Amino acid sequence: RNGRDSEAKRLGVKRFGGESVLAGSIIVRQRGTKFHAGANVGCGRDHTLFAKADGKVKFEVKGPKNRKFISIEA
Amino acid sequence: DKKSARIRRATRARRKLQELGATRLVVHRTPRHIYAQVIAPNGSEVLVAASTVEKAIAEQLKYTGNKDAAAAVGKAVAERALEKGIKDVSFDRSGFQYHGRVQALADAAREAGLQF
Amino acid sequence: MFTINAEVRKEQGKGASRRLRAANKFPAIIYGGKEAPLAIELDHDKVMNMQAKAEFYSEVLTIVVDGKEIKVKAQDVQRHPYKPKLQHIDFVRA
Amino acid sequence: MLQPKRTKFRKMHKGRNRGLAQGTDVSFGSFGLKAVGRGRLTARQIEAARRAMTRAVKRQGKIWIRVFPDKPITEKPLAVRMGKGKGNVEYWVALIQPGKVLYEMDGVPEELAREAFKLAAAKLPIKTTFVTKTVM
Amino acid sequence: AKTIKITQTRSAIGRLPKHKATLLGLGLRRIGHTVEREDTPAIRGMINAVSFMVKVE
RNA sequence: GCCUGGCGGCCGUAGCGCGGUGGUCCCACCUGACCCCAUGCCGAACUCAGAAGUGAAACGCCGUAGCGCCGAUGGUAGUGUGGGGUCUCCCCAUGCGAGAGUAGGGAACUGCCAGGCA
RNA sequence: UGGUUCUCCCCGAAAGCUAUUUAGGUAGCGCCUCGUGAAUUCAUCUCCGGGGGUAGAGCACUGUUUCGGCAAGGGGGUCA
RNA sequence: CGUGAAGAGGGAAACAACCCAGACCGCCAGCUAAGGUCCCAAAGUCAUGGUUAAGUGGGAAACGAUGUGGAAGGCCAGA
RNA sequence: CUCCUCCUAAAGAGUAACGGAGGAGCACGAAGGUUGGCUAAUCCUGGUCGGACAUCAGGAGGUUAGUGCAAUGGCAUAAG
RNA sequence: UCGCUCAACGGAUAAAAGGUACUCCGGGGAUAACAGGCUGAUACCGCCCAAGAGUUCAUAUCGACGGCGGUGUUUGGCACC
């Protein structure tokens with residue numbers, strides 16, 4: 001009655017903290033947010049955060065809900 | 001629950017001005033007064049501010065807190081920013097409808113010169 | 001009535017405290033009060049035949065250690081999961 | 001025998017049984033039957049030892065079963081091959097670690113309880129000891 | 001440095017691939033081969049990674 | 001230097017309860033809505049006029065640990081590497097080391113205008 | 001399917017993935033070899049920056065589970 | 001992940017996969033690893049302390065049994 | 001037998017079995033864009049019919065709701 | 001831009017079902033039947049607990065509910081020869 005699964009979507013973090021990225025570089029692929037778009041980072045339609053600017057990757061909890069953001073710092 | 005509703009409307013318009021990094025002219029309206037500040041792209045502290053609460057713009061007025069008073073602040077906050085060299089400001093409604101006094105204040109800053 | 005001899009713990013940790021238990025002692029702690037917590041060692045089968053009383057957990061005790069008696073209350077006891085052996089005692093100042 | 005009235009899932013994985021138990025104190029009664037070995041208590045065993053305790057105390061004094069059979073053990077029929085999906089759920093066990101209080105009792109004298117917990121221990125596949133309640 | 005001496009005590013046959021790389025980074029080719037490495041904490045950590053099979057003097 | 005207001009930093013040691021408390025300075029309800037405006041109905045809300053009233057509600061500030069929340073020390077769990085004992089599963093050496101729970105902390109702390117004695 | 005014939009030296013696999021009228025075949029990649037290029041590229045360890053939700057634990061959530069107190073509501077003889 | 005495959009050697013009696021260890025060639029040289037040291041069969045009939053009496057060692061469970069460290073109990077006014 | 005979601009899956013990615021559970025082969029010219037608002041489920045009480053539940057009003061509660069369609073990640077600046 | 005349940009979904013053709021105990025060939029212990037092995041769920045044998053039955057009386061005999069083993073005697077599992 002079972003037997004079906006799907007192809008694995010290769011989600012997760014592609015560039016970790018302190019990594020230097022070019023602009024347009026995908027930083028995290030995700031389904032929901034689970035990671036919000038901080039400075040110099042777009043959200044994308046499937047919520048794929050991506051570097052809007054060259055610089056280093058920066059994760060930080062910030063906000064009234066302790067949500068993880070991702071900034072980009074040149 | 002008038003303030004709890006209003007900061008809920010502003011806090012989407014307060015963003016896209018932090019993620020844009022735009023100088024915010026923020027307007028605060030109240031029954032009898034009208035306030036305005038110009039705040040830097042950072043969230044830290046203001047650059048110029050003007051209101052009717054200062055006694056300069058108190059008895060230059062027939063009444064504090066109406067649309068002719070909001071146009072008094074509209075010239076006041078704008079003419080005090082250009083002398084500091086601040087234009088290309090972005091207007092923040094701060095939860096008020098851009099209709100009445102706050103329309104009369106942004107209109108009277110666009111005449112006095114604030115680039116939006 | 002209950003007077004307990006103790007020695008200061010020189011090494012704390014996991015393998016340190018497993019050696020104390022295999023050598024028929026067991027570790028303890030005296031926290032509470034102004035002073036810093038005092039990691040101590042008791043001998044097992046003298047304290048085990050002393051905590052079988054109901055008033056080891058009720059009255060103030062007296063832990064003598066290197067020339068100091070500290071008026072203490074037993075605060076929490078980690079026992080062995082199934083053997084009748086203690087694994088730790090918490091003492092508070094009193 | 002004990003069994004969950006409903007579960008969200010019909011079959012579980014096999015899992016493992018590593019570690020020591022979390023409910024290790026006599027919480028409710030006075031006298032306990034603590035497990036000192038490790039294994040699986042099927043609901044047939046828990047019920048057989050529940051009767052053997054109750055019959056020994058002559059329906060007197062309260063009796064707690066501190067464990068519950070909430071793991072569905074499957075078993076493939078005879079003369080069937082390997083594969084063809086997981087087999088069918090045939091009984092329910094409780095995983096038992098060393099230190100688990102299996103049963104509890106009060107309302108009886110202790111020598112009637114140590115007698116009744118000796119009759120229950122011969123129904124279980126797990127070596128067990130008799131423990132009484134401790135303040136702290 | 002103080003330049004400690006490290007020698008290999010056991011062999012690297014059944015060992016992890018991360019252990020054999022640590023013997024490469026020290027320079028140990030075989031059992032009994034002593035080697036003369038400087039006393040930095042990055043060599044103390046290489047020793048501690050394979051301390052079951054090296055003997056330092 | 002307290003008081004209020006905007007904007008923030010920060011994100012429960014900051015929240016909530018409970019108690020006390022503040023007036024035209026500010027803020028709040030409040031007066032009225034005829035028009036700008038607007039409610040699938042209501043000037044409730046939004047909005048516009050203008051201050052007669054009140055600080056009741058809200059909102060600050062001050063109390064109180066009742067509740068969250070924070071939380072060591074030690075021990076335990078787990079575990080990398082190495083070596084051991086054997087149904088399972090552990091133990092030694094060494095490195096890392098929780099969660100829970102105790103002691104205790106805790107009634108937040110902080111960058112612009114205005115007000116009133118300084 | 002079976003056989004494949006002289007000698008030394010150097011290196012040295014795989015039995016995976018993905019497709020397949022494919023599953024004992026084959027193909028691309030992975031791993032092997034030889035060659036030619038190129039960067040303190042690579043590995044090890046130390047320090048730093050990271051993201052986890054596994055082990056453990058826990059029971060607020062999702063379910064499940066005992067026992068106690070349930071301010072219930074009312075089965076239940078029961079009254080009319 | 002390691003070994004075999006594609007790795008011989010020493011040990012586990014014998015025993016691809018386990019333990020030790022990676023064979024270029026020669027030597028009638030030495031030190032070691034795992035394993036061992038009474039004889040087969042190379043090396044301790046080693047030294048000191050303890051244990052066991054079953055040939056346990058040298059196959060096994062629940063369970064049974066006066067095999068052989070800390071306390072507890074009712075007495076030289078008698079247990 | 002292709003595709004999606006979860007678990008297996010060992011806290012990066014990936015990872016098998018005739019392993020454990022579910023779904024898809026669309027829908028939508030608004031259910032898309034934007035701009036301006038708004039904030040739920042359940043429960044208590046009040047009670048024209050009206051009952052556990054229609055509607056209205058308050059209190060509690062704080063998303064236990066909702067997300068055109070599975071499940072998971074999300075969602076109050078709402079993605080409702 | 002359209003036409004494909006080419007769904008066996010990287011799609012052999014536009015178009016395709018069976019029988020063979022009359023059979024054949026090329027291979028396979030890569031893979032079944034027999035027997036051997038491994039394993040013992042099952043089977044068989046023993047034991048523990050004792051509720052009970054046995055007029056009283058658990059253990060003369062039997063032994064519910066449950067527990068732990070042995071054997072390699074069946075039915076299997078596996079697919080090593």
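Chain naming here is simple, since letters A, B, ... match the order of the sequence lines and numbering starts at 1 in each. Values below: all heavy atoms of this structure, side chains included; hydrogens, waters and symmetry mates excluded.
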Between [M] and [N], do both key distances fall under 3.5 Å for a Watson-Crick or G-U wobble pair?
N     : M     : value
F/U21 : F/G63 : no
J/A41 : J/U75 : yes
J/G76 : J/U39 : yes

Once you apply a heavy-atom cut-off of 4.0 Å, does [X] come out as touching a base, just sugar-phosphate, or nothing?
X      : result
B/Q97  : sugar-phosphate
B/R32  : base
B/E45  : base
D/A121 : nothing
D/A79  : sugar-phosphate
E/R37  : nothing
C/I89  : nothing
B/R9   : sugar-phosphate
C/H44  : nothing
E/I31  : sugar-phosphate
A/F16  : base

Report yes or no: is there a donor-acceptor pair, N or O only, under 3.5 Å between the side chain of [X] and the base of [N]?
X     : N     : value
C/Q87 : F/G75 : no
A/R4  : I/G22 : yes
C/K14 : F/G74 : no
A/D5  : I/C7  : yes

Taking ring-ring contact (aromatic ring centres under 6.0 Å, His included) as the test, write out the residues that go with C/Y82, two or more places apart. C/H80

Would you kindly give the [atom1]-to-[atom2] distance between [X] and [N], to the nearest whole Å?
X      : N     : atom1 : atom2 : result
D/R38  : F/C91 : CZ    : P     : 10 Å
D/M12  : I/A21 : CE    : P     : 12 Å
D/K127 : J/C49 : NZ    : P     : 13 Å

Pairs flagged by ring pair (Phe, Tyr, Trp, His ring centres under 6.0 Å) wherever residues 6-25 of chain D is involved - sequence neighbours left out: none

Which glycosidic conformation, syn or anti, is assigned to G/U41 if syn requires a torsion within 90° of zero? syn

May I ask you to list the residues of residues 28-36 of chain A, by number, that have any heavy atom positioned under 4.0 Å from an atom of RNA chain I? A/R31, A/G32, A/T33, A/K34, A/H36

Short heteroatom pairs, N/O only, protein and nucleotides 41-44 of chain G, under 3.5 Å:
unit_1, atom_1, unit_2, atom_2, d
G/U44, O2', E/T22, OG1, 3.4

Please state yes or no: are the six-membered rings of I/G37 and I/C38 less than 5.5 angstrom apart at their centres, with planes tilted under 30 degrees? yes

Should the pair A/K9-A/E7 be classified as a salt bridge under the 4.0 Å nitrogen-to-oxygen rule? yes

Could you tell me which nucleotide pairs with I/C3 by Watson-Crick or G-U wobble geometry, both distances under 3.5 Å, or answer none if nothing does? I/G23

Contacts under 3.5 Å, N or O only, protein and nucleotides 59-65 of chain G:
unit_1, atom_1, unit_2, atom_2, d
G/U62, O2, D/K8, NZ, 3.1
G/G63, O3', D/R6, NH1, 2.4
G/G63, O2', D/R6, NH1, 3.4
G/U64, OP1, D/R6, NH1, 3.3
G/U65, OP1, D/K5, N, 3.0

Quick one: which protein N/O atoms are closer than 3.5 Å to N/O atoms of nucleotides 101-106 of chain F? Pair and distance per line, please.
unit_1, atom_1, unit_2, atom_2, d
F/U102, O2', C/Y31, OH, 3.0
F/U102, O2', C/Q75, NE2, 3.3

